[PDB]
Each structure stands twice: as structure tokens, then as C-alpha cells.
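To start, the structure under review is shown below, and the notes come after it.
Number of protein chains: 8
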Amino acid sequence: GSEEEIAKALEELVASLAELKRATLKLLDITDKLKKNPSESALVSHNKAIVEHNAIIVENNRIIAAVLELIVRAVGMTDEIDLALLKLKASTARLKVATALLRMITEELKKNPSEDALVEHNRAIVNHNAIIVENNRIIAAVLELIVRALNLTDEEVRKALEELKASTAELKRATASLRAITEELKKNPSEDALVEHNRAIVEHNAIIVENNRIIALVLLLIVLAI
Amino acid sequence: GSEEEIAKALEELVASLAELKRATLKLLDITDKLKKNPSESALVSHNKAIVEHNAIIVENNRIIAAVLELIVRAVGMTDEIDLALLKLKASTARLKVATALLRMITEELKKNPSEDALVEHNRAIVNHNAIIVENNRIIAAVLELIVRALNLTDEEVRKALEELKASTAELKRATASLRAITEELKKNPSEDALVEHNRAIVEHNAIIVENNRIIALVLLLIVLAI
Amino acid sequence: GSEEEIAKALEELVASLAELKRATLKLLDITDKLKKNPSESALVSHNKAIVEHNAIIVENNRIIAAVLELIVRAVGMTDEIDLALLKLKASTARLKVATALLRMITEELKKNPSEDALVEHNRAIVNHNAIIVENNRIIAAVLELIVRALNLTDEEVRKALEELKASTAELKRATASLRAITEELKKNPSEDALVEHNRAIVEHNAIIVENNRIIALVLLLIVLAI
Amino acid sequence: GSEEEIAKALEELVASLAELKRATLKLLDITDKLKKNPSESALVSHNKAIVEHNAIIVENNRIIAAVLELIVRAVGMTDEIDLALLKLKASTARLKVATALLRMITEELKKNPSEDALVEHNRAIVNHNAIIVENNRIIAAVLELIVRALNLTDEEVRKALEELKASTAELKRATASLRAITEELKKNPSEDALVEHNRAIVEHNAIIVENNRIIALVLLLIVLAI
Amino acid sequence: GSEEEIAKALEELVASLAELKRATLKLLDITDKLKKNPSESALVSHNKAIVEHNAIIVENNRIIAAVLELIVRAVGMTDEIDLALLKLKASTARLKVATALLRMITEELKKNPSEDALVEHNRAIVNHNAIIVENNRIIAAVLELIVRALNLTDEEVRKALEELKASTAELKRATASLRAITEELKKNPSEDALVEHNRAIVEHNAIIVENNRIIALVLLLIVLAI
Amino acid sequence: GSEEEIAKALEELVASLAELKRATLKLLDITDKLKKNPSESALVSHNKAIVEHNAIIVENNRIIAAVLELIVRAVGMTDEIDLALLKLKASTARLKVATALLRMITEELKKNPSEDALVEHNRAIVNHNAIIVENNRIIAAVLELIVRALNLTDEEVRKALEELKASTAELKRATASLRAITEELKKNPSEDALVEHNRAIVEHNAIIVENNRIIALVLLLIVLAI
Amino acid sequence: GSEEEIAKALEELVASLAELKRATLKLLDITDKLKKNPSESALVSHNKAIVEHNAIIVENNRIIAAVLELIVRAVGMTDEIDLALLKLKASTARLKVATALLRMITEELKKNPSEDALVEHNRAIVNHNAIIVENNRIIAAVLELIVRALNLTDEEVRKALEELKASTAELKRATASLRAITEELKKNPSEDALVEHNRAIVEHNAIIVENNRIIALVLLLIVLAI
Amino acid sequence: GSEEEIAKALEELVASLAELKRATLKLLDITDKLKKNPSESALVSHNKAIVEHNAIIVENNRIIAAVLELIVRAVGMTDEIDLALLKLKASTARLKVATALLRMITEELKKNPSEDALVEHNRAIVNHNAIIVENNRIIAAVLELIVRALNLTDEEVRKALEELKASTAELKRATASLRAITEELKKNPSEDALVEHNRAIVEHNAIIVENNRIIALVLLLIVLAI
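Chains as they are written, first to last, in the working numbering: chain L, 249 to 474; chain B, 249 to 474; chain W, 249 to 474; chain V, 249 to 474; chain Y, 249 to 474; chain U, 249 to 474; chain F, 249 to 474; chain A, 249 to 474.
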């Protein structure tokens, strides 16, 4: 597309980030304290603020992938970029099936709510998060490819990639740790461990959002450098 | 909606109740005594204070239904609550056609005013009242559902429901009695029976307002308990 | 459509009637007396208040036909109802061409205003009225069909149809009388006969509005009975 | 097509006429007076309001021909009607090439603007007008054929044809006069004669629009009589 | 097809399930209570909400079979899978003739409505339900084949099959019970038994929809595992 | 807002405090002694001077929260301040529903006045006080945040916070003690305990007003330090 | 657009200038003197009045470009004007990405505020200023093109262009000087140099506003001359 | 609009005239004598009482044009009236750009005040006056058209038009004389000629206000004659 289409898509992107950061802060805050004990309606909506947060992350990743396509179709594909973009499309398609699965098990929780089903639902949320991390690792690979293809040596871009790589490794380590503790919850299913597992989820979602922030930065520094 | 939207809608609700209670008392007072006999212009406006009262009750029920939707869309729907809310929307739509019919026959009384048309107009007012009672019985069913879904066991709520159920049965009995006497008026149409039928209407409107008062109470006790 | 769509369309209908009755009364009042003699600009706008009234009647008939379609598509078509609805659509299409013709001859009166063209314009208004009467006779046939199909035996509906039939025959007789006097105007074209023919038009428009009032009543009694 | 399709196409037709009459009046008004002398940009847009007017006439004629096809395909073709419709299609195709030629020479005037090229452009506008007159003479022949085929003897139609024939002869005489003066401009090319030739164009466009008005009238009187 | 085609088809599938569950709930709700007795138009539309529900189930099964074909054409056919897919195509073709038969007998009920024809129509609905159960038993066989072919041993899939088999046996037992009671209705045709047979239909449709839910689940767990 | 808007809002605040301190002193004085025994009209207005005092406290808290928003929207939000301000808005919204509930139970006391309903009304006043204490604990948290964010180290501010914290802990202890004695009144309902419970209410209101005095001080010392 | 649309857009333009001149004067005044040393909250909002000023300049340039499009679409495009307008659209799109980048780095300063990040933020403000200067140089080129195309020889316009060109060269020289000193700050990062670099920014913003003033003047003199 | 809207707009008109006549008299009086010599602040506000007077004339003309539109939209447009009203709208739009230009050059006089800029500002005031005269000549043409269209032959109206025409020619002659002397000032710029040119401006403003008086009279005589 032309410059105005990319600029409109980047305004949609930065407004989506400004919405996702507020929702992240409020989800940590409602994760912080509550003395009182939950209702039956608090089973029917067990984790609704997390599934609603993940949906915003998935919508942010879809826009990032649409901007990457609009950029590359401007600067011109090469073999390796086209292979990486096709991988990115296959991963974005996988994310739709993973979302429709989480959105099914969440509604099936309206009908067999029980302390065991709550652990199944939490494991479904961990598997959705583990697939969002893959989508981000592919988008970051496509971006490093586009930056090398343009021979784009500005120090702002260099430093923004040096930050993006470290944020990607931080997100890998956090995902492996979340799956490790989720196995321990699978061994020892309890309300006591469920309460402290919900925090581990919210603290992994925080790292996802702190990675999408850098992906949007590198996208801006590229569109300004071209 | 957020807490401020429900709080604003409940301020609109309680101010509407404080207006409707004054109008109820004044409508009984102007029902109590008048020696002098009516004019021709007192045919053209035969019952205007009753139709003006019913319009306020219909406007109060619309606000109650908007608060119920804002609450349930916060605490989260379930199959039976969502079915009951859809019933409540269908009944609130029925109430609009019943109001527009009463507001047509009232204006048709400007053009064929006669001692027979006055009995038709009174029967239209009784059928409007009989449809407002249905709208209240659906709102009370939705409220008892929401209270059970929240597992809301406070004694203030328990006692407020124990009052709401008895007021609903009192209103059913009063509606059946008003239609029963309205059949006797349909048999024996006279000014003598018209005068004593108007009181039966005003004494049924009093029970409607004494029911909306308890519906607004239970709505407050719920919003304070969440 | 669902109950809320029909209820919104009936609120649009009754508000359109309350606008059309006021415009009818004011058009009779401005038909009643004026001593002073008209200008040249009173040729360029010879009957503008009548053509503006007819446009409101045509817009009211369009809404009535949209409600009839929304009702029948809820309760279910049968062979004879579907044939009658297709007739109603063909007549509502004819009414659009008749309106665009009256709205052309009215503007052609801005450019050859003369005492002869005024008689052409009055005959165009009579032919528009004669086509609105047909549209009402088809809508009334569709309504009597729907009432028989629902086996809807309430006395309120029976009496409202007994009124609708008499108003339809009154409107047939008034249309034949208006066309009869319009032939006499065609023989004896004069300002003197133009003045007394304008009243005959306004007294036929009054019967059209007194028929739409009953069509809207029967529509309400049906939607309340289902 | 069915009655509703013709009625929609006639609403498009009459709205197109109401737009074309306003554009005609404003084009005469901007033809009336201007003291000040034109710029170089007033060469680059030498006659833009005429070419923009002709485009509206061509779009009105396309809709008239689409209504004629929808009518005849309803009432049934005959040998002479089908021959005349095929002639009308060949002339409407010729009009597209004549328009694309005027729309080419107008843009070639952006690149060799000179006092000689302005006279070429004016002659191209006269040749476009001379081809629109042919399209109108074929549409008027098709209409007189359809009216005779229906044996449609109403006096409104008879008088509307008696007007259409005279307007067609008036348009023939005006086209021959415009071509005659255009030859005199071709002999004596000057700004002085260009100014008075532009008026002759605007006064021929006025007769075209005053002919399409009658073609649309006869189309309405036909669709109302069938 | 590619990953994006299956992902689009699974979004269509899960949205179709979310529409079919709402229609199931509303069909039970309109099965729950109604005091008043039906009209003649309530013969002309005797079971319309059931035939409209079955049409949605048939449209959901068509999409499930299209996803199964898109999956198997990706992972690769084998003899037994290709035989089972050809069986599935033959059953999906049979379902089209069974639907067109129900859609014929329903319209023949517009023309000989009688208490005997209502029992014929109910038996046609039972035979349609009995053929949808077969289509589900073939789709479930194809799915168990595909799962074994992929050697797909995840516990989420294992448990989802352990649920699918039990739901298939529950649906067989419910179909045999519905046919058994349909024989008793065939012996004792009455409005009294018709009312309680309609409930047996709605309670069998509920089990069909509770089976399609599990077929769509297993389809998601497969597409995520491949 | 600009300096003049904050200065006007602080003049409104200090004038509201000067009204609330006088009303507190007079409410203690009318709590001190009265020999004579109350009327029936002294049931209909059982505690009116307390509910009228609480309404003034609620209006002072509303102004404090509007000044806090005007200050922070000048000096610039940060994550933790914006979260705390949103908590403050949710609590100020909760206070409106708690007020409308107290203002309902007070008017319901006009209609079933009895020695039992008086204990219900006193418990409603205690629950309103328990919600005002929460609103103050949120405002005091927001103020300590703003003071740390400005790095505002003046000794006047430090000492004013050292007073505000101690007053907040004094108010927590007084609220827990008031609820404890209110439970004992709920066990032992008597005029004898009602008389000594009214004093406990007035002595808790005194601590609320002695806390708003310090909140208004810290607000002034902040607006003067920036 | 018509004359009223351009006149409305020029009223929006001149009101935007009257807001931007006041903000320029006040930003110099708050740049002039302050003895006291900044807080931690004075890091979180380090330059907020500059970024808020730049946003107003960007909004003024958007309106100027909308007026240029409305003017040229009235007087008629030519090759060079249409190329220059497409350049102006591409530069206005670039300005949106540059703004969203400045609005990101400013918010990232809420989370890693440090003496090094403040120098990054100051360099981001210098790069935003360097892109606004480009947008102004393109708008001034479009205006000189439109003035030559209209052959607009008035002495007010001639002198207004002679001022616009000199102001554009003054703004080029000031931008090169600001980038030169920004390199020296990049070498020698200190609070001491940050304080004197902030003045260089405010003294470049003053020249931008003193250029937008002349662009709006030439736009008025053009719209009055056509 | 209805009679009350026109009557309110004519009350606004006559109150605006009563304010403008007082301001005219006082502006002549402060133009009459002052011995003492002006300050530097008497450069920064060189002609402020004239520009403030012109703003009142422009606001009076806006109301006159709004009343003309409300009148004609009541009595009904014709081709020539509609063309003249569209001209009046284009001229009223031109007057806004001419005002915003005068209001820019007046403020630019705060920043380069010098004996040469004062002559520029006086020439800007003369060009604004020359555009108000055009707006008045269009309003007077529209009024003479409306009077002929109503065939309004009263002698009060005839004589009021006979006055309006002479006042319009007097205002044309005065404008040509003011521009003639303004050319002589442009040749011979001096304080001596500036002092005597300011009087020529004030003596032209007097004729504008003495023309608006007659336009408001004719507007009243028309609204009273219909």
C-alpha cells in the first residue's frame, strides 16, 4: 500500500497498544488483592478478564502482521522474506484455531463448572499463551529479516533490535517457566495452587505485552527510515 | 458498564420513584372527594391523571430494565438468565404497543365522547394495567435468578426478596380482582359504577407502585453486594 | 422481525398519524377563510399545502406496508396472503410513479403559470388522491385476510374491522364524488369553481386520514393479540 | 422488470432531471456576467462547466434508455419496436465514443493550450451536442412507437406527445443553427467570437434539457397508463 | 486446503454451533409453557420452529463434512479412510433428499391441514431426525479413523474421543426411544399425545446438538495437533 | 485546570469544612441531654440530623475527589496514580448507591415506624459510615502517592502526612469498634441500647470530620508547594 | 467544495493560529526563568509542554493541507500541481508516523526515566521538528505553484510570497543549526546542556509558528483573489 | 419558519441596528476632535474602533441574510430568487474570508508597527468596506426580487424601495470615491493624509449604516404585508 495506508495501520497499531497496556495494568491490579471468596457466578466467569485480554493480544498481532505485509509488498520480497511471511501466515492461522478452542472450553465451563474443570480451563489458557509466544517469535524473525534486507544501519534501529532480541529471549524463558509450573499444578490440583497460578499467567501476559511494545517500535523506526 | 454508569442509572431510578410516589398520593387525593359534577371538557379529559400516571410507571419500568441489563452484562450471563432477559425485552416491547393503544383510544375520546366510550376507555386502562403487571412479574423473575446466580446470601437481600415475592402475589390477586370487577362494569355500565370503578383502578396503581419500590430496593442491595 | 422491531415501527406509525392529524386540521383551517386575493407567488405555489399533505399520507402508507410485511413474515404466509402482499407491493410501486408525476407537474407550474395550468394541477391532485384510495383498499384487504388467518375473534378486533369496512366504503363514495365534480370543473373551468373544488379536495383528504387512523388501530389490535 | 424496478428507475430519472435543471440554471448564470479577464488556469479549465454539464445529460439519457428497455421487455416487443431498440443501442454506443473523444481533447488542452486549440475544443463540444440530439431523436421515436403499440389514447399522453414532437423539431432547428454559427467561428476564430459562441452552446444545452424533461414526462404517463 | 482454509472453515463451524445452541435453547423455551390454544394459522405453521432448527443442524453437518475432507486431503487418505469418506458422501446425499421430503410435506400441510396430517408431518420430522443421527454416526466413525491414523495420543484427544463415543451411544438410545414412542403415537393419534410427542422431538434435537458440539471439539483438537 | 479553578475548588472545600464542623458540634450538643420523651413524629424523623450530617460529609468527599483529579491532571499521571484515581472513582460511585439506599430506608421509616424498624435504620446508618471510611482510605492513599511523586519534602507536608496516617488508623479502629457494638445492639434491641448506640454513631462521625480536616490540609499544602 | 466550505475551513485555520500563537508565547515565558529544581514527577513529564505544542502544529498543518486540496479541486489541477499534492499527501502521512513515534518514546519515559533517556527524548523532539519543517517546505511549494497557475499578480500576493520564501529559508537555516547543536549535545550529554538545548527547541518552534502564519496569509489572499 | 421565528429574527435585527447607530454616532464624535498626539500603544490599537464597527456591520448583514432565507423558504422559491439567494450565500462566505484577513493584518500590526504599516492597515479597511458594499448590493437585489414576486404594490413598500435604490446608488458612488482617495493616499503616504483619510472611512461607514436601516425597513414592510 501507499504511505497513507501504512500510516493508518500504524495509528491503529499504536492505539491498540495504548488500549492493551491499560488492560494489562488493570488485570494485574485485579490480580493483586481480594479478601472475599468467589460465588457460583464467579465459576461461570472464572477467568473472563484473562480470556478477554488474550483476545486483545491476538487482535494486536493480527494488525502487526497486516502492517508487515503492507511494508514488504512495498519494499519488495525476496526468497527468504517470502518464506518467512508464509510461515507467519501459517502461524496466524494456527492462532485462530487455538482461540476458537479457548472460546469453546470457556463456554463449556458454563455447563460443567467444577474444581477440576477450572484446572482444565487454566491449562487451556496456558496453551493459548504458548501459541501467542510462537506467533511473536515468527514476527520478530520477519522483522530482523526486513531490517537486514534494507541494510538499515541507523543506531535507533540497531538499539531497538538489541532490545527486541533480549525481550524475545525473556519471553521464551518465561513461557518455559509457565509450562513448568503448569505441570506442577497438573500434579497438585488445588484452589491454593490455582490462586498462585493465576498470577503466573498474568505475569506471563505482562511479558507478551512488553514484547508487542517493541515490535511496534521497530515497525515505526522502519517505516520512518524507508 | 462501569460502576459510574450503574450508579447514575440507579440515581435516575430512585428519583423516578420519588416522583411516582408523590404522583400516586396526589392521584388518590384527587380520587377522594369532589361534590361538583363534571363538564363536557371533563369528558374530553375523562381520566387524564390516570393515563399520565401509567406513563410514569412505564418510564420507571424502562429504567429498571436498563439497570438489569447493565448489571447482568457485568456479572456475566448464563443460559437461563439470558433467556429471561430476552423474555424481558419481548415484554418491554409489548408494553410499547399497549401504551400506544391506550394513547390512541384516549385521543379518539376527543372525537366521540359519550357515556359508552368512557367505559371503553376504562377497559383500555384496565388492559394496560394488566400488561404492566406482567412486565413486573418478569422483572421480579430475572431478579430472583440474578440473586441465586451470585449466591448472594445476605439477610438484607433474603428479607428483601421475601418482601418482593409477597408483593408480587398481592399484585396478582389485585389484578385478577380488578378484571373481575371490570367484567361486572361491562355488564352494568353506569356513572354509578364508573365512579366506584375509578377507585378500583387507583387502588391497583397503588399496588404497582408498592411493587416497583421493592424492585428498586433489591436492585440497590445487589449493586451494593457486588 | 422480532417484537422490538414491530414495536419501533408502530411507534413510527402512531407518531406519523399524530403529525398527519395536525396537518389535516391546519389544512382545513387555512381552507376556511381568507378575504384577500392571491399574488403571482400564490400561483407559483398554488396548492403547495395539499401536495405537502399528500406526501405525508404516502409516507404513512409506506410505513403501514412495512409493518404488514414484518407481521406476516412473523405469523407465516399462506397462498392468499402472499398474493395479496404482492398486489400491495405492486400498488405501492404505482404510488411512487404517481407521486413523481404530481411532483413534476407542480414544478412545471413554476414555468407556465396560468389559469388553465391551475386546472391541470388540480386534476393531477385528484388522480393522486384516487391512487392513494386504491392503496388503502388493498392494505385493508390484506388486514382482513390476516385477521381471518389468525382466527382472531376478540370483540375489540371485530368492532375495529366493522369500523374499517364502513370507512372504506365511505372513502369509495367520496372518491367517486370527487371525480364526478372534477369532471364538472373540466367542463366549467373558472376561479369560482376552482375555489369550491379545492374544498372538495380537502374534504376528501380528511376521509383518507380518517381511514389511516383505523388501519393503524387494527394493526395495533393485531400485534397485541398475537 | 417488475413494477418496483421501473418505479425505482423512474425515481432515479426524475432526481437526475432535478439535478440537471439546477446545473443548467447555474451554467446560464455563470454565462451571464463577468467583467474580469481570464487566467492561464482559465485556459486549462476553459469550458469545464460545459463538459461537466454534457456528462450529466449523457447520464440522464442512459437511464432513460434503461427504462425504455425495462418497459418494452414488460409490454412485449414487436418487429418495429425491436428494430428501434437496436438502433437506440447502436446510438447509445456511439455516444460513448463521442464522450471519450471529448474527454480526450479536453485533457490534451492541458498540454497545448492556445487560442487555436480553444476553437478546436469548442468544435468538439458542438459535435458532442450534435450527437446527443441524435440520441434524443431516437429515444423519442421509440416512445412514439410504444405509445401507438399500446393504443394509449388518454388526452394527457396525446398532449404530451404533441409537446414532444414540437420540442424535437425545435431541437433540430437549434442544432442546425449551432452548427451554422460554428462554421462562422471556424472562418473567423477570435476571443470576441469565442465569447458569443459559448453562449450559443449554453443556449443549445438549455434546449436539450428542455427536451429530456418531456421525454421523462411521457415515460411517466406511459408507466401510469399501463 | 492450506492452514488458512481449514482455520476459516473452523471459524464458520464454531460460529454455526454458537447459533445452533441459541436456537436450541429458544426452542426448548417456546416448548416450555403456553396456556392459550392454537389458531388455524397455528396449523399452517404447525412445527415451523422444528423444521427451521433441523435445517440449521443439516447446514452444520455439511460444514463439518467439508472440514473433514479438507483435513484428510492434507494428511493423506488411506483405503479405509477413503471408503469411509465415500460412505459419508453417500449419507450427506441421502440427507438432501430427506430434507427436500420434509420441505415438501411441510408445504403440503398448507393445503390439507387436519389433525391427521399433523401426525404425518410429525412422523416426517422423526424420520428426518433418524437420518441426521446416521450422518453423525458416520462423521464420528471417520473422526475415530483419522485420529487412529495420526497415532495422536494426547490426553486431550483421548478424553475427547472417550466423550464422543458415549455421546454417540446416548444418541442411538435416544433415537430408538423416539421411534418407539412414535409408534405409540401412530397407534393413538391425538392432540394430547401430539403435545407430548413434540417435547420428545425437542429433547432429541437437544442431544443432536450436544453431539455436534463434541464433533467440532475433536475437529479442533485434531487441527491443533497436526 | 488552571490555578484559578483549583483555588475556587479549594475555597468551596474549606467553606464546606467550616459548615461541617459547626454541624458536627451542634449534633453532639443535641446528642448530650434531653429529659423529655419523643412523639410519634419523633419516629417519622428518628435520626434525621445524622442522615443530614452524612449527606454533608458525602458532598465534602465529592469535592475533595474533584480537586484531586484537577491536581493530578495538571502535574501528570503515572501508572500507579492513574490506577489509584480509578479506584477512587469506583469508590465514589459506590458511595452514591449507598446513599440512595440510606435515603430509601429512611423514607420507608415513614410508613412502618416501630421499635424494630428503628434498629434497622441504625444499622443502615452504620453501613453508610463504614462506606465513607473506605472512601477516605482511598483518598488518603492517592494523596500519599501524589506527595511521593512530587518528591515534596517540606517539613510542613511531612508532618501533615504523619498526622493523616495516624488519623486514618484512628478511624479504622473506631469503625471496627462501631460495627462491633452494632452487633451487640442487633442481639439486644432496646430503647436503652438505642440511646447509647446513637452516641456511638455521633462519636464516629466526629472522627470522620476530624479526618476530612487533615485531608483538606494536605491538599492545601500540596497546591501551595507546586 | 463550495465557497462556504473553504470559508469554514479558513475560519478553523485562523482560530487554530490564534491558539498556536498564544501557546508559543506562553511556552517561551515558561522557558524563561525558574529558580527551583525539578522533581521525579518532573522527569515523568519532562517536556510535556513542547510535545503538546508540536501536536498543535501538526493539527494546523493538517487543516492547511485540507484547504489546499479544497482550493485546487475548485480551480483545477494540472500535472505539476497534482504531483505536488501527491507529495504533500505522502509527507503528511510521514508526519503521522513521526508523531506516533514521539508519542511512544514520551510514554516509554514514564517507565525508564533517567538522565540518559531525557537526551533520547530531546533528540526525538528534534527529529519531529525536522519533519514538520519538511511538511512546511512542501506546502510552500504547492502554494507557489497555485499562485503561478492563477497568474495572480496582485502586489499583496507578490509581497506575501516574497515574505514566505524568506521565512522558509530562515526556517531551513534554523533547522540545520538545531541539528548541529543537537550533535554537540549527543557528544556532551549533561543537564547543563539539556537546559540550553531546550531553549534551542523553543526558538525553533517559534520559527515554525512564524511560518504557518505566512502560509495562512497567502491562503487567504488566494481565496480572496479567486 | 413560522411567524415567531421570523419575528424573533427581526427583533434581533432591529436591536442590532439600534446598537450600530449608536456606535456610528460615537465613532464620528471620536473622529471629530483631539488635540493631543498619539502614543506607541496608539499604534498597537491604531484603528480599533473602526474594525470593531465593521464587525458589527458584518454581524448585522448575517442576520439580514438569515431573515431573507427564512422568509423566502416560507413564501416559496422560484428560479431567479433561488439563483439570487445562492449568490447571496457565496457573497456572505466571501465576507468571512475578508474579515479574517482584516483580523490578521490588524494583529500583525502589533509586531511591525510603523508609519508604513499603518497605511497598509487603512487600505485593508478600505478593501473590507468595498466587500461589505457588494454584500449589500446583493441583498438589495434579492429584496427587490421578493417584492416583485409577491406583487406587493402597497405605497409604503413602493416608497421604501424608491428609497433603497437611491441609497444603493449613493453607496456605490461613495465607495468609488473612497477607493479613489485611497489611491492618492497610496501615492502620498503621510500622517497628514492619514488623518484626513480616516475621516473618509468613517464617512463611508456612515453610508453603510444608513443603508442597512432601509434594508431592515423593507424587510419589516414585507413581513407585515404577507
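Think of the CB as a built atom: it goes at the ideal place given N, C-alpha and C, for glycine as much as any other residue.
Own chain partners of residue 350 of chain F with C-beta closer than 6 Å, once the 5 adjacent residues on each side are dropped
372 and 376
Going by Cα to Cα distance, which pick from F/287, F/306, F/302 and F/470 is closest to residue 399 of chain F?
F/470
From residue 231 of chain W to residue 268 of chain A, what distance separates their C-alpha atoms?
With chain W covering 249 to 474 only, the question about residue 231 of chain W has no answer from this structure.
How many angstroms separate the CA atom of residue 346 of chain U from the CA atom of residue 340 of chain U?
10 Å
Output needed in chain order: residues of the region 255-276 of chain L with a Cβ under 7 Å from some Cβ in chain F.
255, 258, 259 and 262
Are the CB atoms of residue 437 of chain Y and residue 367 of chain Y nearer to each other than 7 Å?
yes
Going along chain V in order, which residues have a C-beta closer than 8 Å to the C-beta of residue 397 of chain F?
287, 288, 289 and 292
Determine whether the Cβ of residue 407 of chain W lies closer than 7 Å to any Cβ atom of chain A.
no
Closer than 7 Å between beta carbons: that is the criterion. Which residues of the region 327-349 of chain U meet it against chain L?
327 and 331
DSSP-derived helix/strand/coil call for residue 434 of chain F:
helix
Closer than 8 Å, Cβ to any Cβ of chain Y: which residues of the region 315-327 of chain W, in chain order?
323, 324, 326 and 327
So which of V/288, V/277 and V/254 has the shortest CA-CA distance to residue 395 of chain F?
V/288
Buried or exposed: which applies to residue 326 of chain Y, given that a residue is buried once 16 or more other Cβ atoms fall within 10 Å of its Cβ?
exposed
Do you know how far the Cα of residue 393 of chain Y is from the Cα of residue 295 of chain Y?
37 Å
Beta-carbon separation of residue 411 of chain B and residue 462 of chain B under 7 Å?
yes
Measuring CA to CA, which of F/402, F/459, F/434 and F/374 is closest to residue 475 of chain F?
Here chain F comprises residues numbered 249 to 474, so residue 475 of chain F is not present and cannot be evaluated.
With a threshold of 8 Å on Cβ separation, who are the neighbours of residue 299 of chain U within its own chain once the five nearest residues in sequence on each side are excluded?
350, 351, 354 and 373
Roughly how far, in whole angstroms, is the beta-carbon of residue 320 of chain V from the beta-carbon of residue 329 of chain V, given that I think they are within contact range, below 8 Å?
6 Å
Which of helix, strand or coil DSSP assigns to residue 287 of chain W:
coil
Residue 429 of chain W to residue 323 of chain V span [Cα, whole Å]:
34 Å
From W/337, W/274 and W/282, pick the residue whose C-alpha is nearest to that of residue 314 of chain W; which is it?
W/337
Go ahead and label residue 361 of chain F buried or exposed: buried means 16 or more other beta carbons lie within 10 angstroms of its beta carbon, across all protein chains shown.
buried
For a cutoff of 7 Å on Cβ pairs, would you count residue 467 of chain L as touching chain F?
no
Could you name the residues of chain A that residue 283 of chain W contacts, counting a contact when the two beta carbons are closer than 9 Å?
The contacting residues do not exist; residue 283 of chain W stays about 15 Å from chain A at best.
Considering residue 482 of chain W, what are the terminal residues of the alpha helix (DSSP H) in which it resides?
Because chain W here runs from 249 to 474, residue 482 of chain W falls outside it and cannot be looked at.
What is the C-beta distance between residue 379 of chain Y and residue 422 of chain Y, in whole angstroms, given that I count them as a contact (C-beta under 8 Å)?
Between residue 422 of chain Y and residue 379 of chain Y the Cβ distance is about 15 Å, and since that is not below 8 Å, they are no contact.
Express the C-alpha separation of residue 472 of chain L and residue 406 of chain U in angstroms, rounding to a whole number.
48 Å
Quick check on this structure: which residue in V/381, V/278 and V/285 has the alpha carbon closest to the alpha carbon of residue 297 of chain V?
V/278
Taking the beta carbon of residue 443 of chain Y as the centre, do at least 16 other beta carbons fall within 10 Å, making it buried, or is it exposed?
exposed
Would residue 301 of chain V and residue 271 of chain V qualify as a contact pair, given that the criterion is a beta-carbon distance under 7 Å?
yes
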